[PDB]
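Asker: Take a look and give me a structure for this.
(one chain, ligands or ions: 3)
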Amino acid sequence: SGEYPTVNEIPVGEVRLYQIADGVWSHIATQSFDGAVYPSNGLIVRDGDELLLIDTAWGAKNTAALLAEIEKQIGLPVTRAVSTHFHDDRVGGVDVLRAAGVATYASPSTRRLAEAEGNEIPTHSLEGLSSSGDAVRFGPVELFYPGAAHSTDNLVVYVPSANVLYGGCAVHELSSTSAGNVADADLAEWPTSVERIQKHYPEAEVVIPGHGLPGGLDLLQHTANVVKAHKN
Ligand SMILES: C[C@@H](CN)C[C@@H]1CN([C@@H](C)c2cccc3c(-c4cn[nH]c4)c(C(=O)O)[nH]c23)C(=O)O1
Ligand SMILES: [Zn+2]
Ligand SMILES: [Zn+2]
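Answerer: Numbers count the residues shown, from 1 in each chain. Ligands and ions are numbered 1, 2, ... in the order given. Below you will find the coordinate block:
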């Protein structure tokens with residue numbers, strides 16, 4: 001009823017949307033992994049009379065449910081999607097999207113990692129993002145490669161009309177004590193990558209993590225802190 005939806009409030013298979021700003025929503029879904037349930041976020045950005053989707057809802061059935069929830073709540077077609085790294089909470093559902101007519105995109109690095117690891121593979125390669133600090137425009141957003149962090153390929157997304165920074169899994173929520181799933185992370189470079197985000201987006205008003213509650217710029221420093229302490 002208006003609060004940001006949480007893991008115990010979303011059954012696995014259902015999707016909720018949350019209005020972040022004019023023409024900007026997050027999507028929230030839940031999924032089981034290794035016998036525990038987790039929430040995860042993505043983004044939806046209005047692109048004239050179409051929508052740009054950032055990240056799947058972590059699985060085929062969740063992503064079908066996402067499309068249905070978008071049709072119910074917004075009613076504009078999703079025409080393009082960008083996945084911000086190669087893990088299943090970002091690309092699982094790309095096959096559903098592609099069969100629904102959504103053009104799916106990711107960096108060449110994400111596409112190679114998804115293919116190698118057996119995850120679903122976005123169709124189109126996003127060039128111009130291979131060096132840390134690179135940025136490219138994609139409809140109503142800017143895509144930014146901050147360097148290795150949660151994964152070597154992680155991208156962040158900025159919505160300049162609303163000063164919304166979607167950090168994806170390179171950014172953790174304020175209540176997080178841990179650095180999340182660090183299986184493919186670079187803990188040594190992660191703080192440097194966060195510093196690049198902080199320098200590049202000093203006017204961000206909302207910061208959205210890949211999992212958990214949005215907040216303000218403090219999520220960036222908090223992420224650096226928790227990663228450094230995990231490494232320690
Ligand atoms: C694990 C590798 C295969 N050996 C590929 C994995 C799986 N996976 C993704 C799909 C994943 C699964 C479960 C939990 C989390 C979290 C998290 C966040 N708070 N607590 C845990 C995170 C994150 O922090 O983004 N992501 C997760 C991921 O990230 O690595
Ligand atoms: Zn991940
Ligand atoms: Zn994640």
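
Asker: Chain neighbours aside, what residue packs nearest to residue 59?
Answerer: Taking Cβ to Cβ, 6 or more residues apart in numbering, and ignoring the residues beside it in sequence, residue 59 has residue 92 as its nearest neighbour in space, at 4.8 Å. C-beta coordinates here come from the backbone N, C-alpha and C atoms, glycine included.

Asker: Phi and psi next, for that neighbour.
Answerer: Geometry field for residue 92 lists phi and psi as phi -70, psi 110, criterion degrees, to the nearest 10.

Asker: which residues does it contact?
Answerer: Applying Cβ atoms under 8 Å, 6 or more residues apart in numbering to residue 92 gives the contacts 56, 58, 59, 60, 62, 63, 119, 120.

Asker: Tell me which residues are up against stretch 182-201.
Answerer: Defining contact as Cβ under 8 Å, 6+ apart, one finds that stretch 182-201 is touched by 87, 132-133, 135, 144, 146-152, 154, 156, 158, 165, 167, 170-171, 179, 217, 220-221, 223-224, 227-228, 230-231.

Asker: What about residue 130, how many residues nearby?
Answerer: By the other Cβ atoms under 10 Å criterion, the neighbourhood of residue 130 contains 12 residues.

Asker: That one and ligand 3: what is the separation?
Answerer: Plainly put, residue 130 is 22 Å away from ligand 3 if you go by Cβ to the ion, to the nearest Å.

Asker: likewise residue 108?
Answerer: Here the distance between residue 108 and ligand 3 works out to 20 Å (Cβ to the ion).

Asker: For stretch 106-118, buried residues please.
Answerer: Residues of stretch 106-118 classed as buried by neighbour count (16 or more other Cβ atoms under 10 Å): 106, 107, 109, 110, 111, 113, 114.

Asker: for the fifth one, what are its contacts?
Answerer: With contacts taken as Cβ under 8 Å, 6+ apart, residue 111 has the following neighbours: 86, 121, 122, 125.

Asker: The chain against ligand 1: which residues are in contact?
Answerer: 33, 38, 87-89, 150, 169, 180-181, 183-184, 210-211 (Cβ under 6 Å from any ligand atom).

Asker: Write a ChimeraX command that selects only the buried members of those.
Answerer: The following ChimeraX command selects only the buried members of the residues of the chain next to ligand 1, with burial defined by 16+ other Cβ under 10 Å:
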select :38,87,88,89,150,169,180,181,184,210,211
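
Asker: And the residues of the chain next to ligand 1, which is closest to residue 48?
Answerer: residue 210 (26.8 Å; Cβ to Cβ).

Asker: okay but the closest one is in contact with residue 41, surely?
Answerer: Yes. With contact defined as Cβ atoms under 8 Å, residue 210 counts as touching residue 41 (6.0 Å).

Asker: who touches both of these two?
Answerer: Counting by Cβ under 8 Å, 6+ apart, the contacts common to residue 210 and residue 41 are residue 55.

Asker: just to revisit the earlier point, just the ones in strands from the buried residues of stretch 106-118, please.
Answerer: Mapping those onto strands (DSSP state E) picks out residue 106.

Asker: Leaving aside the residues adjacent along the chain, what's closest to the closest residue to ligand 1 within the chain?
Answerer: Scanning the chain for proximity to ligand 1 using Cβ to the nearest ligand atom identifies residue 180 as nearest, at 2.3 Å. Distance criterion Cβ to Cβ, 6+ apart; nearest residue to residue 180, sequence neighbours excluded, is residue 172 at 6.2 Å.
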